[PDB]
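Student: Chains as they are written, first to last, in full-length UniProt numbering: chain A, 2 to 536; chain B, 247 to 393; chain C, 265 to 275; chain D, 2 to 527; chain E, 5 to 98; chain F, 213 to 317; chain G, 4 to 78; chain H, 48 to 93; chain I, 71 to 434. Each residue gets a CB set at the ideal place from its N, CA and C atoms; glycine is no exception.
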Amino acid sequence: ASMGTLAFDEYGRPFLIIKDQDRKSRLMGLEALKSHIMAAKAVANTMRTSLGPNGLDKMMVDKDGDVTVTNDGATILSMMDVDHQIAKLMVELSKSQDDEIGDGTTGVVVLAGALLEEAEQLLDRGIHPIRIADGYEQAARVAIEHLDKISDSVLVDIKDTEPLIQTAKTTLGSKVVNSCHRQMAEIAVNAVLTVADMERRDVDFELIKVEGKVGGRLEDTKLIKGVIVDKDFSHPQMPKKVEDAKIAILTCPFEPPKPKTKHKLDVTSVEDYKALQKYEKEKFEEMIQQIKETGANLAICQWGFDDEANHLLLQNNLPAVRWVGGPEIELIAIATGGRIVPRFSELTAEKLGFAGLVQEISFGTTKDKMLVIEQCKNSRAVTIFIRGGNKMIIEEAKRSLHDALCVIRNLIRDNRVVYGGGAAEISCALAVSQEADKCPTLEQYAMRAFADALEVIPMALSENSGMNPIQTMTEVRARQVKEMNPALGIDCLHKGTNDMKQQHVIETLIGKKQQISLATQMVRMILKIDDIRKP
Amino acid sequence: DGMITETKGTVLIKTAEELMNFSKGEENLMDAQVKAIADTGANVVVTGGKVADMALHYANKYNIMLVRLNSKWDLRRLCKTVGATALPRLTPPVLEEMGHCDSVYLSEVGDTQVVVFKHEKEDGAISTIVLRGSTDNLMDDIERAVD
Amino acid sequence: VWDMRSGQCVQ
Amino acid sequence: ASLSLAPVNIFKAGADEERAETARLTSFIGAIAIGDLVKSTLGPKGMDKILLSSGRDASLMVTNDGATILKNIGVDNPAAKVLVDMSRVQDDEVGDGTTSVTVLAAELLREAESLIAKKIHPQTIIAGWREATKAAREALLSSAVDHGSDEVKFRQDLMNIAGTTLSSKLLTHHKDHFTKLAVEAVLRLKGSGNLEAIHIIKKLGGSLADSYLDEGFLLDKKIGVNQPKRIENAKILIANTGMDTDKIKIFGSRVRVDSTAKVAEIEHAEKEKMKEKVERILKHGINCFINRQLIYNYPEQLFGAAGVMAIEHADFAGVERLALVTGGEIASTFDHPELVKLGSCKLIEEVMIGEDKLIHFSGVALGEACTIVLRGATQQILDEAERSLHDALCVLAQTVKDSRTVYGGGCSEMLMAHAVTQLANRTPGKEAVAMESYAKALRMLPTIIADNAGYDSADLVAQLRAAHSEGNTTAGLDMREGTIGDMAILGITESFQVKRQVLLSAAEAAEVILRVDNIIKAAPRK
Amino acid sequence: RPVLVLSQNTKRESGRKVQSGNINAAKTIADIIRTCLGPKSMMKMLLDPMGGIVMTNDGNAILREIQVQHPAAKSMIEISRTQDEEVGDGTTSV
Amino acid sequence: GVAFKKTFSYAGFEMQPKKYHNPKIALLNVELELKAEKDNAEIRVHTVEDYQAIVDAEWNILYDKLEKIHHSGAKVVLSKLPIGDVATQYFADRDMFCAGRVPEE
Amino acid sequence: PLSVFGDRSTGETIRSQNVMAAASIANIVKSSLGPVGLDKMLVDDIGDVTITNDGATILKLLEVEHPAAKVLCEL
Amino acid sequence: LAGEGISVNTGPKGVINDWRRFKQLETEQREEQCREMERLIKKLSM
Amino acid sequence: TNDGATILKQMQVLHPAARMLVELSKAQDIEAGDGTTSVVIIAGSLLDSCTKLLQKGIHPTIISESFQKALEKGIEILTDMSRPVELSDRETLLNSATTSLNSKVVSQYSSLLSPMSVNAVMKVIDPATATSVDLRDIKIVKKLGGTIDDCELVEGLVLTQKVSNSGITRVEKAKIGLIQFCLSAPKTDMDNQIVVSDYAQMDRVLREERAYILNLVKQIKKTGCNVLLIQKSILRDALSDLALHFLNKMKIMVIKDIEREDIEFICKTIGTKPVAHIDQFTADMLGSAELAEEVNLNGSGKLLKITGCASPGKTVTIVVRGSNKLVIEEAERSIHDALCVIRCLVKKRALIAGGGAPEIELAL
Ligand SMILES: Nc1ncnc2c1ncn2[C@@H]1O[C@H](COP(=O)(O)OP(=O)(O)O)[C@@H](O)[C@H]1O
Ligand SMILES: Nc1ncnc2c1ncn2[C@@H]1O[C@H](COP(=O)(O)OP(=O)(O)O)[C@@H](O)[C@H]1O
Ligand SMILES: Nc1ncnc2c1ncn2[C@@H]1O[C@H](COP(=O)(O)OP(=O)(O)O)[C@@H](O)[C@H]1O
Ligand SMILES: [Mg+2]
Ligand SMILES: [Mg+2]
Ligand SMILES: [Mg+2]
Ligand SMILES: [Mg+2]
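1. Rounded to a whole number of angstroms, what is the C-alpha to C-alpha distance between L183/I and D207/I?
2. Could you check whether the segment 320-340 of chain D touches the segment 168-186 of chain D, counting it as contact only if at least three pairs of C-beta atoms, one from each stretch, sit closer than 8 Å?
3. Comparing alpha-carbon positions, which option in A423/I, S381/I and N235/I lies nearest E364/I?
4. Quick one: is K31/E near chain G, going by C-beta distance under 8 Å?
5. Can you grab the Cα-Cα spacing for the pair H346/B / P338/B, in whole Å?
6. Taking 8 Å as the CB-CB cut-off, is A310/A touching chain F?
7. Measuring alpha carbon to alpha carbon, tell me which residue in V7/E, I57/E, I83/E and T96/E is nearest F9/A.
8. Please look up how many angstroms separate the CB atoms of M80/A and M60/A, rounded, as I've assumed it's under 8 Å.
9. Taking 8 Å as the cut-off, decide whether the C-beta atoms of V390/I and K243/I are in contact.
10. First and last residue of the beta strand (DSSP E) that includes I349/D?
11. Look at the alpha carbon of residue 539/D and the alpha carbon of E351/D, and state the distance between them as a whole number of angstroms.
12. With 8 Å set as the bound, which would you pick, yes or no: does the beta-carbon of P260/A sit closer than that to a beta-carbon of chain F?
13. Please report the distance separating the alpha-carbon of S193/D from that of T64/D.
14. Indicate the three-state DSSP secondary structure (helix, strand or coil) for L315/B in the structure shown.
15. Please go through the segment 452-526 of chain A and give each complete alpha helix (DSSP H) segment of 4 or more residues, from N-terminal end onward.
16. Using a 10 Å radius around the Cβ and a threshold of 16 neighbouring Cβ atoms, would you call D297/F buried or exposed?
17. Check whether the Cβ of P382/I lies closer than 8 Å to any Cβ atom in chain D.
18. Is any non-hydrogen atom of ligand 3 found closer than 7 Å to the C-beta of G105/I, if you look at the structure I gave you?
19. What first and last residue would you give for the alpha helix (DSSP H) that runs through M288/A?
20. Alpha carbon to alpha carbon, how far is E225/I from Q350/I? Give it in angstroms, no decimals.
21. Does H233/F get closer than 8 Å to chain A when you measure Cβ to Cβ?
22. Please report the distance separating the alpha-carbon of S458/D from that of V39/D.
23. DSSP state of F216/F, grouped into three classes?
Set out below in C-alpha cells:
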C-alpha cells in the first residue's frame, strides 16, 4: 500500500518511471480519506477543550523555548509544529477565520472535525464522498438562511454602547481577562468607536496602538485617547511635564544640512575655514530660532540630533524628543491634529499639533521612561496600554483585546447578531433536520450528518462546564422545539436560566456565517482529496 | 539610450542651476532624438541593447513600435529580411538604411507570444517555417527532417 | 547600539 | 483520540505533546521545585545560595535575592519559566517580595494540585481564588496605616521598613548602621524617585561596617596633568561638548590646497578655533570643568595654563549625577555665559580609598545625588551587599512615593488568610474548599518563615491564627526568641504596595498556570 | 523492500546477442589451439594452479588446463575431452 | 476595473483620504523622493553659500516635480518606482493619494 | 490502525502484481514452444550448465520468489 | 525532578512496529557478530 | 613565589570556598599588602573549628554571632597589646621592613632592600601630615641581568625607551621638554589634500615642507631645550626624518614613543609641563635637570636615567635586577610587600610584636 507500484518489470529489465520512486509513499482510495479524517479528528479533539467560558488554556513552547500561554485557537494552531498536511489545512482554516472575522477561530476547527467524523461513518456505508460534500453544502446553505432568519439587529450608535459592551463581554468571557471583563470590554468598544469611519466603512487597526508593559496590575489597563511613546525628553534637565503643548512634528534631524548627492566642499584658506565654522554655528542658531518663532512649546523629531541642538533646546525652554519612530510620528501628528513638516523653513503656526498634556511616565525601580501624549481636542488615534504581572498575561491580554476589537469591527460592518451558547447551532441543526425530512432519501443522510456535526458545539460547551453533554443538549433542544425561542443555549456559567437573550450572550451573525461557510468548504476540499504522494 | 563616454562619465556640478537643469536637459535631448527618429517615418525601432525608461516613454508618446533582440545573429537576420542597416548610433536612418516590412504585429500562437515581421510578397531574403506539434521531441525530429 | 551621541538603542 | 496516541503521526521529528493529567503533573512539579528552591532564603533566618556558572567565565555568585536566584538558572519547565518571569517582574515593580511571591505561587499551585486530586474542576478553583483574592485585598487595604503627615513618625516608619527589608540579607550583622545609611541616602533624594542618582561604589578590603554614605559626592575619574589637584569654593561647569579634535559637522568638507603653507595655516586656524572654544568656556568664570566626552591634549594644556580642573570622560550618568548634586546645567554651547547655571561645592580634592584615587566633592550645594562606598572581605560579599542595599533603597523609595505601611512578620498574611477563611465559611460549594486552600497557602507562608528559623512552626502559626481570630490584628512572629508579639510595638513594618503586589502577582500567576491543560513543544533547533 | 519475480542475482539475456556470444566464444576456443596443429606445430607452456608445469602441444592437454566462464567455452572443452577419450586423436582438428 | 494590495505606505499616509468620487489618476514611472541626482554625479563647491544653494536646489527639484504632479489636477498618484515619505506628506497635505512600488502589470 | 508487522497490498495493485508475475513466468519459456523453438543455457553460478528445452526443467531450476510465479512453476 | 516511576504505558504498544523493525536488523547483525566471535578473537592470540 | 595572594591567584582553584579565600587574599593585599598568607590560614582554621562546632548541634547563626563577639574582643586585645610609633623613628621602619622581608627569597639581600624600601616610601610622602601612600608614585623597573645586589634606588626618572638620536647619549644641565604634537609634514584634522597642477608646485611643496619642519625645530631650540621627549603618536608620524636630522644637527637628544599613561608621572618627576602646540612652547614649560644620560647594563640592555632635578617632587624609581626572570619577579613582589608594610605603618601608627606572639596572646 505504498512505494507506488513496485513491479520493476514485466520481463526482467529495469522499469523506472518516477525519480526516486523507491523512496516515495502513496495512499489511495478510502485509506487516504480515513487517514485524513482521523488526523482532522485528532486536531479538533485537541482543540475542543479550549471552547467556552470554562475552556482551559493551552501552553505552547516554540523551538527557542519561549512559553506562550493562550486560549486563541488560531494562535494555538499557528504555533503547533505539525507535519501532516491535513493538520496544516486545519491550521490555515483557523488563520482564515481569524483574518476574515477575528473571532470563533476555535469553533471552526471543532465543526470541521465533527463534519469529518460524521463523513467517516457515511463513507463506511458506501456513499461517494462527493455526495457527502454536496449534502454538506446544501445543509450549510439551509443553516445560513436560518441564521439570517433568526438574526437580531442592534444599535451601533455612540450614545448607547450597551449592546456593543455586551457583545465585547461575550467575546472576552472565554479569555483570561474575564477578571477585568467589563473594563476590558468597555475600553475595546471605546477604542473601536473612536477610530472608525462611521458611514459603515472600515476600521483601520493601524490607528489602534496596542502596547503592553509588564508590572502594575491587569486592572491598570487603560485607553489613552492619544499616543503613548517609548521615548523620553532628550536633555535630562528638561521638564518632565508639558501642559497645553503646541507640538511641532519634524522629520529633519537637527543637524547642519547635507545634500543627498555625492558632494565635496573645498576649504582653500583660513577665511574659508572661519566662514564654514560661522556657517555651522548660525545654522544651529537659525534652526532653533525658526522652531521657536512659531510659538511651539514642544518639538518632536524622527531622526535624532546632536549636542548643540540639545543644549539650545534646553536653553530656549523647548522640550523635545528624538528618534521617534515613523509610525509613532504619524500617530502623534494624527492625534494632535498637526502636520508633518520635513524642514524648519516650512514650519508655521498652523502646522503645530495641540495636546492638552505631554508627560513622562516612570515604571517603578526600572529606569525606563515612556512619554504619553493625551488630552487632545478631537484625537482620531487611540492607544491601549496593558499592564500585568508577567509577559505571558500581557500577550494573552493583547490577543484577547484584539479579538474584542475585531468583534466590534464586525459589528460596525454588520449590525445583525445572534445569541451564542450553542443556541444558534441548536436552532440551525433543528432547521437542517426539518429540511432533510422534506428531501429525497439519498442526501438525507448527509443532511442529518451535517445537523449532528452542528450539534457538537453545545455538547462541547456542556462537557467543558461539567454537565452531561447528551442530556443537557437533548433537554435544550426539546425546550427550543416546544416554545419557539432559538435563544435557548447551554448555561455554561450556571446562572440558572438557558435564555441567552436574558443572559446577554451575543455573537455577530457574520461570525457564525463565516464559521459555517469555511468549515463546509474545507470539509469538502478535504473529502475530495484521495491521493497522497509524500516523499 | 543616450550614448555615454567610454572612458569615465562623471557629472560635475558647481552651481545650483546646473543641478536643477541637468535632468531636464537630458530629458529634452532624449525627446529630441526620438522625435528626429520618428520624423523620418520610422514607426518601428529594433534595438540590440537595453531600452531606457525615458526612451520607452518617448517612443510610446510618438506611437513607435519597439522590439528588443538580444542575439546579434537575430539582428543581422532581421536586417537581411527587411533590408535595413544596423546603425551604430542613435541617429535617424537615411533613406536607404530604413528597412520596410509589409506587416509587423504581436500575436500569440498557442501559449507563446511572438513578434512577426510578415512580407506579403512571395519572395524575400529569409523565410521561416513555423513548426507545430504535441511534443518537443517530435518537433525536433521534424526540424531535422526540414534540415 | 546606534546614536553614540545619546548612548541609547534607537529604532 | 489524542494528538499523540493516534495511529497516524501528526508532528515533526522531536515535537512533543502532554495531555491533561501529564501537563498538570509537569506544571505542578516545576512550580513546586521552583518554590522549594527559592524558599529557605526567606525570613530573618533565611540562608544564601551559591550560583556556579557552567560557562567559560564560571562566575561565582552567592546571594539571598529570590529574583537573582531564579534568573541565573537553567529552566526548561515552562511553568517554572512563568514563575521566574513573575519574580523578575515583581523585582522590577518593587525591590522586595520576589521570594514571597514565588513561594506564595508555589503553595497555591500545591493546593491546586491537591484540589484537582480531590476531583474538583480547575475553573471552580479559579473562581474561588478570585473571590479569596478580592477578600484578602480588601482586608489588607483596610489594615493599612499611613504616617505620611507626621515627619518624625514617617522617619521612624522608614527606619523600621529599612530594618525589616535588611533583616534577611547579609547586612543584618550591621543592620542598624546600614539602616541609617539607606534611610539617609533615600531622604537625600528630596522626594525624587531617581534611584540612578544613588551611586554604589564597591572597593575591596575592610570590614562591612566600614561602608558609609559620603556627605558629598565621589567620582572615579582623573584630573588633567597640569591642572590643580585641589580647589576651594569651586564653581562647577558641566558640559557635553566634543573637545576632542573638534571638527565641523559638515561631513562633506575637505581641505584642497596647492601648497603645504596653506595646510599649515589651516592647522593653525584649527588650533585657534580650539583656543577660542576654551576661552569661551573660561569666560563663564569657573574653577572646574566636567566634560562628558574625552578632553584632548591641547584643551587640557589650555585649562592647566588657566588653572582650571578638567575632568574628562564622565559618562551620561556621571554628568547627570554631578548636575543633581551641584546644581549645574549640562551645557553644549557657550555663546551665552549668563544663561548657564554653574554648579558649586565647598571643596574638591583627591581621596585615597583602598588603593585607588577618587575625586571628592565636599559641601555640595544641592546634594540630590548620593554615593555609597562598600567595603567587604570578598567580591561576593560586595555584590551581595550591593544587592541588599539596592533592595532597601527601592523599598524606601516606594514608601516615600506611597506612605501606606502594613505590619510584617506574618501579620499581614495571617490577617488576609483570616479574612479569606471568614468569607469561605459562608460560601456554599467546592469554591469554599478552594478558598480554604488559598487561606492555607497564606498560612503556609509564615509557616515557612518559622521553619527557616527552626522554631516550633505549628504552635506559632496556631497561636497567630488564634490571636487574629480573637481580634488581635497586630500579632506577628517575634523572631528574636521564637514567640508571637505585637508588630506595632516591636517595629516590623513593610510597604503596603510591596505586599499588595506580592499577593496580586502570586494569585495571577497561579491562575495563569492553573488554566493550562495541554503543553505542546515544537521541535527545538538543537 | 523490493519485490521481484526471480531472484536478485538471476541474470537473463536472449536474442541475436546470445548467438553471437556463443559463436565468438567457440571461435576464441578454436583460436587458442589453432597453431598447435600439424607436423610444424609449436609447443605451449601451461602453469598449473598447484604449481606444476605442463609443456605440450596436445589439444586436450592444453584445453583441460584452461578455466573459462562462458558456458559455450565449457561445451567446447567438454567436446575436446570427448574426442580425446573416444578415439585418442584428432583433438585439435575437432 | 483594477484592484491591488496596499504597497508599503510611508509615514503620513494615514492622513490621506481613502475615498474619492471622481478622481484623476496620475500613472507615473518616477521615483519621488530626495536622492542623488545621478549615480556618477558629483558636486564640487568652495563656499557655504553654494552649499546652501545646492541643498535648496535638491529640495526645489523634488518640490517642482511634486508641484507639477499637483497642478496636473490628479487626486490619485500611482508610481512604479518608490514614493518617499516627503512626497507622501506633501500629497497628504493636499488631500491627495499616493501609492509607490506598484507592480508593473 | 492495523499495527500488523508487514506490508499490505489491496485491490488492483496486488492483482496487477500477480498478473505481472504470471506473465514474466510465461515469457521465460514462451520462446521454447513449437518446432521452431530454441533451447536455453542455464548456469547455476557454480559452473554447471543445463542446456534444456523442457519447460518443467527450466521452471524447476530457476529460483523464484513471488507466490503466483511459484504457483505456475508447480503447475 | 520527580515521577521517576514513568510506567511508559501506552507508548510501546503504539510504537512496537518500529521497535521490531529495528530489532530485526539488530538480530540479523547479531548472528553475524556472534558467529565471527568464535574465530576472530577466540584463539587469535594463542 | 612565596606571596600567598599570588599563590592563590596563579593556581585555578575550583571550589567556591577556595575562590572566596582567593578573594580574601586579594582584599588583604589591597588593604594591607602583608599577611596575605596568614589570613587564609586563620579562615581555614576557623572553618575547621566550625566543623566540630556543627557536629555538636550548634546553629551556624549562633557560631557566626559568637565569632563576631570573639573578633571584637580580639581587636580590643590586639589594640591594647600594640605600642605607638613615630615616622621619625627610622630604626623601627627598618626593623619592620626587614621583618616583612625575612620570609621572602630576598632575605640575604634585605640589608640593601630594607633601607631602599624605607627611603622609597619616605621620599614620596610628607611625614608631618601624610595619612596614606600612593604606591603608584614609586615606579619599579625590572631589568634582566646582574644580581639582586645591583638593585638601585634612582631619585630621578628612568626611561626604557631608546634614544632615537645617534651620537648624543649624555647631556649635562639638560632642559627637558615634553612634546604632545608631531614634528612631521603639516596635516589638519579635516581631510587634507595637496593638488599639484604644474611642475613648479612639486619643488614648491618640497621646499615649503622643509621650511615648516625647520621652523618647528628652530622654535623648539630657541627656548634652550636640549632633551626632547615626544609622546607616542598614532595616525600621524610623531618624528619625521627631517625633524630628527635637524634636531641632531642642533644638538638635541630625542626620545620618542613616550607612552601616554606615563605623561603624568614624568611631569611629577622632572617638573616638565607638557606642550601640545608649538605656539605655547616656551622655556617656562621646560624641566631642568642636572644630568640626562643613557647607560648600558653590561650588555643586558640600555636605560635612560634623568638623575638630579630642580624640583624633585614626591617621586622615586627603583631598578630591580637579577639573574633570571623568576627571581626578578619574586624580588619585586617582595619589595612591594615591604613598601606595603611601610604604607600600613604610615596609615595607622601602631606597632606590635611578631613571631606568633599576637596569636598566642590572642588565644590565651
Ligand atoms: N457567557 C457565556 N455563556 C454561554 N456560552 C458562552 C458564553 N461565552 C461564550 N460562550 C460560548 O463559547 C463558545 C466559544 O467562544 P470563545 O471561546 O470565546 O471563542 P471561540 O469561538 O474562538 O472558541 C462560543 O460559541 C459561545 O457560544
Ligand atoms: N525582623 C523580622 N521579624 C519577622 N519577620 C520578618 C522580619 N524581617 C523580615 N521578615 C519577614 O520576612 C519575609 C521575607 O522578607 P525577605 O526575605 O527579606 O525579602 P522577600 O520579601 O523578597 O522575601 C517578609 O515577608 C517579612 O514579613
Ligand atoms: N625573623 C622572624 N622571626 C620569627 N617570626 C617571623 C620572622 N619574620 C616573620 N615572622 C613571622 O612570619 C609570619 C608570616 O610572615 P610572611 O610570611 O612574611 O607574610 P605573611 O604574613 O603574608 O605570611 C608573620 O606573622 C611573622 O610574625
Ligand atoms: Mg471567542
Ligand atoms: Mg526582603
Ligand atoms: Mg594426432
Ligand atoms: Mg609578610
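Tutor: Result, derived from the coordinates:
1. Looking at the backbone, the Cα of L183/I and that of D207/I are separated by about 18 Å.
2. No, the segment 320-340 of chain D does not touch the segment 168-186 of chain D.
3. Distance check between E364/I and each of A423/I, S381/I and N235/I places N235/I closest, using alpha-carbon atoms only.
4. In terms of beta-carbon proximity, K31/E stays away from the interface with chain G, with every pair separated by 8 Å or more.
5. C-alpha separation (whole angstroms): 15 Å.
6. No, no contact with chain F.
7. It is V7/E.
8. Wrong, their Cβ atoms sit about 10 Å apart, outside the cutoff.
9. Contact flag unset, no.
10. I349/D -> beta strand (DSSP E) spans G344 to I354.
11. No statement about residue 539/D is possible, as the shown extent of chain D runs from 2 to 527 and does not include it.
12. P260/A counts as touching chain F.
13. Each residue's Cα considered, the two are about 29 Å apart.
14. Here DSSP, grouped into helix, strand and coil, assigns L315/B to coil.
15. 457-465, 470-483 and 501-504, all fully within the segment 452-526 of chain A.
16. It counts as buried.
17. By this cut-off, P382/I is not an interface position.
18. The answer is yes for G105/I.
19. Where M288/A is concerned, the enclosing alpha helix (DSSP H) starts and stops at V271 to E294.
20. In a straight line, the C-alpha of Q350/I is about 29 Å away from that of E225/I.
21. The C-beta of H233/F comes no closer than 8 Å to any C-beta of chain A.
22. Each residue's alpha carbon lies about 19 Å from the other.
23. Note: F216/F maps to coil in three-state DSSP.
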